[PDB]
Each structure stands twice: as C-alpha cells, then as structure tokens.
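Here's a solo chain for you in structure tokens, the form deposited in one PDB entry.
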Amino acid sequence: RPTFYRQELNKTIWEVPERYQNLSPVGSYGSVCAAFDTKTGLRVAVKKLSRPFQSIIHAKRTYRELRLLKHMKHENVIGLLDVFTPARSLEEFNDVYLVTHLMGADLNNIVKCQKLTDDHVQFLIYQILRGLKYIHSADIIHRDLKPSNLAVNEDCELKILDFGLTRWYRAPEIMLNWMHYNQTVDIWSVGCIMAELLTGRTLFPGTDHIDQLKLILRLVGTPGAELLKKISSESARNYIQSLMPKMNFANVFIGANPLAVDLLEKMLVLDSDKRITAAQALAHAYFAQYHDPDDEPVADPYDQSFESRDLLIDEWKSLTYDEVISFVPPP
C-alpha cells in the first residue's frame, strides 16, 4: 500500500499516492487532472469520480465505468493504467480514482478548423474504426462519439474515451429517441467527423434539434420507401411524406479523394441497417496503406449481465470495491 497526500483541487480534496505528482486540472461524472507518474515515467490523466456511491444510480454508474475500463485492452481505446482509493476497508470506501494515459489533446485541438491532408484523415479515421471494431465486437455502442471524445497525442495516435454510457455528430435515430440502436449509430458519427476533417467545417451545424434534422435531410434526402416501411406511426409517416433528392457527395466534397467520398456515402445513409460496419469500413480501399486484417483485434466477450440487475447501494459498492481490489496493471 503506497502513502498518499492530500491537496485541494477543483474545489475538493484529492488524495492520491505520492507517485503521482504535479496534478493539474484539464477539465470536467468526474473531474480529470493531468499528472506525472514518477514511478513509471508516464504522463497520466487521473480522474476522481464525483459522489460515486451517493445513490443507487451513482453506484451503478461507478461500477459500469470501472468494469468497462478494466475490459478495454486495445491501442485505440482508453485503458486503465491504475485504479485506487485511499480507503483501507470496504467500510471506509467512498472515493474512486481512475488513471489512464495522458494523450494531451482531443480532436478539436488537432483540427483548429483547418482541413487536414488526406493522408492524415486516413490515419485518424482508420484508428477510430479500429477502436470501434473492437468496442462493437464486445457488444458495446458508444452513442455519443465526437471530436471531444477522441484523445490524440503528438505522434497523432488516437484513443476513444467515454463509451458504453453538442449534437452535431449524433445519429438521427438517437436524436429521435428511436431505441433499438444499431452499432452503426457510431458509424454515422464517424462520417460526420471524417467530413469535417476533410473540409475544415462542421457537416451538420444545426442551431437546435429540429435544425439539425433539417440539415441532415438536405444532404442525404428524405427517407425512401424501404426506410418508411420500417416506421409504425402513421402521423410520423404523414409528416415525412409531406416534405428532397439525395445529393451527390462527389459534388459536395469537391477536391477530396474519391475513395473518401465513396466511404462517406457508405457511412452517412439514413437507414442504419444499410450503413457500413466498422469491420467493413476497415477493408475499404481508402485505408489501403494502414489496413492489416491480422492486426485489427476483437474484444473478449464482455459480461454485461449487471446491466439488467437492480441491486442495493451497498451491493454496487461492494462489487466496485472487489473490482478495485482485483485490478492488475497492464505490462
């Protein structure tokens, strides 16, 4: 057991092992500081969970995040370097700290509203898809993928943050509270991101909810007959039928690699059942210089039975505690 020190950060006391020095807030169910791990020589992010066992909902959220982070072992997905608490027993267990790599920026920082070269977009989107293939293979859907959730370092390596829990990158069915989401909700977001890296501007910068849907339909067309067949509500279909051709992406993204355009066309399809998958997209010719079918790994199956369980606050706390106890750092 290491020895801890206390300091006041972001309006609370953070108590962490002495190995982590120079804690500096990076921003804000938890607050994150940059630190330096003097024991490993690595720059790390230390996230202190907020009120982790205050209620059944917080307790299950805490357990969710820890289980997810402990499962994810992939170069393009945030992983756990350490988890700690200053508690010596279950009885005293009230705080949880999660440590990951400090990547040093998110994807907005790497764009600064300027277009990237095609080669650079290839690499960035390749990495996002490789991470998503991995996440999706565990039966986990991100649902809110966006630039602020993509951490990137200076060598341009990317990790996906905040999976399994601005609307500009949201799939239209998420905005419409459709339910029964497909994993390709995430592919929608990837298309929005990729469009923006290529062009320098937001693809669908809606001013509000309905404006966002209006912008989307302008690009991709009103729903076709095969899609309208899958909608029950007559009122909803009546609304849609009272309203648009699908634009040619080759004439929308002028100057882009035609293979980029064709991949965008396969991603930004309104019908989620017809969107390209992550695995399929990794085999698209756009990624020929980076694709290796033997190094795009899948996850071990992830036991998600806890998600349907309704347990007591002390049970969730106990389960989390055990997970903290059993944690073994990665090599």
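In this text, rigid core is short for the largest set of C-alphas that superpose within 1.5 Å between two forms. Numbering starts at 1 and follows the sequence shown.
Separately, the form deposited in another entry exists; it is not shown, and the next lines address it.
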- request: Give the option from 284, 70, 266, 58 whose C-alpha shifts by 2 Å or more between this form and the one not shown; the alignment is on the rigid core.
  value: 58
- prompt: Does residue 255 show a Cα shift reaching 2 Å between this form and the one not shown after rigid-core superposition?
  reply: no
message: Taking the rigid core as the reference frame, tell me whether residue 226 has a CA displacement of 2 angstroms or more between this form and the one not shown.
response: yes
message: Rigid core aligned, does the Cα position of residue 319 differ by 2 Å or more between this form and the one not shown?
response: no
